[PDB]
Structure formats: C-alpha cells, structure tokens
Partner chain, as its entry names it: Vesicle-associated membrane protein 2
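A lone chain, given as structure tokens: the form solved without the partner chain.
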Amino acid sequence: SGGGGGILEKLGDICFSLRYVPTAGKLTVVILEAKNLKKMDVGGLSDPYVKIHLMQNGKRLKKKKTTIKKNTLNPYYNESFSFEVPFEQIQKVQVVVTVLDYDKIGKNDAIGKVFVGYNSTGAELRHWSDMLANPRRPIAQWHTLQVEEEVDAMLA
C-alpha cells in the first residue's frame, strides 16, 4: 500500500531486474527497457541513457551508466551492472535509477528517476522486498519515473 508519487507526472516508465546473493554480497541490476519517455529534444524525441547509483545516507557510493540510445522514447538496453553490498548492509542502501537525455553540450537533463531499497515505498518497496525474499532469483519489474525534485528530496 502507498507510494506512487510519480504516477500522474507522465515522464515514462523503466523496467529493470534486481538480484541479490547474500553469501557473496552481490547485487545485480539489469536495465531492460524504458517506455513512454517524455519528449526532451525540440523538434525530436529523446537520446536516453540510464544512470544507476548506489546510495546510503545521502551519499553516492558508486555510479554506473548505460550506453546512449538515439532518437527514441522507448529504448531497449539489456545492460547489466553489479555492486558489492555485504549482507549486513543490504537493508540500508538505495539503488537509484535515472533516465536522462543525452546532449553533447550542456548538463544532461533528467527525464525522471526512481529508487528502491531503504525508505522506498509502493511498487519500489515491493520490488526490493521481492528481491530480498528470493535470494539468487532475478526479479524484473516496471516502475513509473518521478520528477528529480521529489526523488532527490527523499534521498537527501
């Protein structure tokens, strides 16, 4: 019950898998695809890529990113990333997933973002809980993207 703050924001959706292996402390995130992304380019679509940050207590611990897809609002990635999070630490971290529009000049604008893990809610909490309940199993789920202003206020 709960969450859902991004639902009416019309930014798009992202699908990713989560897998956690407690003995090894291995957390794997596979960025699968995004859909219905907000159009960001004047007279165009978007050039989306995805950033994945591991966070704790407002601190960005590790940063990864996908390749850039050109001229699409429905990119497919299928790109895997892993983090080392020991089992005594896994309930205390966040994984933050941001979709951005690439441009060769200027700060790239976020389309929207979500996070799973500590302090997550709604479908975000559900995905994380499903990961934890099923050691070694990859669990794929869709998430609604939310405006950066709101998500960052929750992360800070």
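Positions refer to the first chain, counted from 1. In this text, the rigid core denotes the largest set of C-alpha atoms whose superposition between the two forms falls within 1.5 Å.
Another form, the form deposited with the partner chain bound, is not on view; read the next lines as being about it.
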Exercise for review: Using the partner position in the entry with it bound, report whether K38 sits within 4.5 Å of the partner chain, counting heavy atoms only.
Suggested key: no
Check your understanding: So in the entry with it bound, does any heavy atom of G43 sit within 4.5 Å of the partner chain?
Key -> no
Point to revise | 4.5 Å heavy atom contact, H53 to the partner chain in the entry with it bound | key: no
Review point. Though the partner is not shown here, which residues of 88 to 104 have a heavy atom within 4.5 Å of the partner chain in the entry with it bound?
Key: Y102, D103, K104
Practice item. Have a look at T28, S120, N108, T66 and give me the residue whose C-alpha moves 2 Å or more between this form and the one not shown, with the fit done on the rigid core. Key: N108
Practice item. Relative to what we see here, could you say if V97 and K104 have their Cα atoms closer or farther apart in the entry with it bound, with a change of 3 Å or more? Key: closer
Check your understanding: By 3 Å or more, the Cα spacing of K65 and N108 differs in the entry with it bound; is it closer or farther than in this view?
Key -> farther
